[PDB]
Amino acid sequence: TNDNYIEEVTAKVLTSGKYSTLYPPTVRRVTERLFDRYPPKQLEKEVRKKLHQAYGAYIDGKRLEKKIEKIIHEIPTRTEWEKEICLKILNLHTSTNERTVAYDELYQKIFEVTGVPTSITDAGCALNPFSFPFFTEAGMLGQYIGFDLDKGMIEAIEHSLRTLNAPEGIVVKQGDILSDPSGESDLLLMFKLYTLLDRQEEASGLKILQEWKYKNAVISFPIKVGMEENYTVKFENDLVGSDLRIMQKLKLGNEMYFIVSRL
Ligand SMILES: Nc1ncnc2c1ncn2[C@@H]1O[C@H](CSCC[C@H](N)C(=O)O)[C@@H](O)[C@H]1O
């Protein structure tokens, strides 16, 4: 039938070890999206290209977990000690590395505009869940739900959090903000993810910020003459037509943080 090519192609690429460590609904999404365009044939070659174009850079947690096992073994007021371990963990990836020397006041700065929330949602969280000594101290004692695309990374975060005896409110899982049903949060975090979304699906960043329900959302961008496209102003120009309001524009470290609210 019509719905059988999708389930067959989705399973045919999810079976291949090249594309098995990613969220199946994403493959289910790009196959259903590329179905009307291209003919029934070439679909696998068209989805494996789209996956390579968009999600090809996030396909293992083995090396990461052993990297984190070293950090928690190399160490002998204790609240400050647990930070210096999370900070060394937050330095493994370039994503959360530059945010160091800013995690000390990042959640304080954000909560000055939004208030201490009851729950934080982190889309494409990556290593950001390990910033829990900073937002729990900032007042956020609710449930933290961070999700990402690569399975192996989420497994590495899950096991490392239990080894740290982190609060059981710090939940990690796998998910895609473009294919999972619309969520609801007291504070949605899109740290260095908005521009990534517009590559995977055209004009999807503003769509997610409009479809998702949140009291407040924080969308961040890097800062880094004139040989790289400036995408911060691109986002500032994207919000002219929407009913989304910029409540505050925080510049911390090498990053710009936009606190967006729809009321
Ligand atoms: N559609 C999507 N839904 C959720 N996470 C996604 C995604 N597309 C990419 N990601 C993830 O988003 C992350 C972008 S890098 C930035 C990670 C983190 N927000 C930080 O600021 O350090 C990667 O982990 C990537 O795999």
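Judging from the entry metadata, X-ray crystallography is the method by which this structure was determined, and 3.14 Å is the reported resolution.

**Student:** Where do I start with the overall build of the protein chain in this structure?
**Tutor:** When its secondary structure is counted, the protein chain shows 12 helices and 9 strands. Principal-axis analysis of the C-alpha atoms gives the protein chain an extent of 65 × 45 × 40 Å. By element, 50% of the accessible surface of the protein chain is carried by carbon and sulfur atoms, the whole surface being about 14000 Å². Charge separation in the protein chain, taken as the distance between the mean sites of 35 positive and 39 negative side-chain charges, equals 4 Å.

**Student:** Would you take a moment to explain the domain arrangement of the protein chain for this structure?
**Tutor:** Interfaces are often described in size by the accessible area the parts lose on coming together. What the domain assignment reports for the protein chain is domain 1 (1-55) and domain 2 (56-263). Using only C-alpha atoms to locate each centre, domain 1 and domain 2 end up separated by 28 Å. Of the residues lining the interface, 17 residues belong to domain 1; the matching set on domain 2 comes to 18 residues. Both faces considered, domain 1 and domain 2 share a buried interface measuring about 1600 Å² in area, 50% of it formed by carbon and sulfur atoms.

Reading the values: rules and limits
Residues numbered from 1 in each chain as written, not as in the entry; some residues may be left out. Heavy atoms only, no water. Helix = DSSP H or I, 4+ residues; strand = E, 2+ residues; numbered from the N terminus. Areas by Shrake-Rupley, 256 points an atom, 1.4 Å probe, with all protein chains shown as cover. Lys, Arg positive; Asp, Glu negative; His and termini not counted. Charge placed at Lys NZ, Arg CZ, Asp CG, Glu CD. Domains from an automatic or database assignment. Contact = heavy atoms within 4.5 Å. Buried area = accessible area lost by both parts, 1.4 Å probe.

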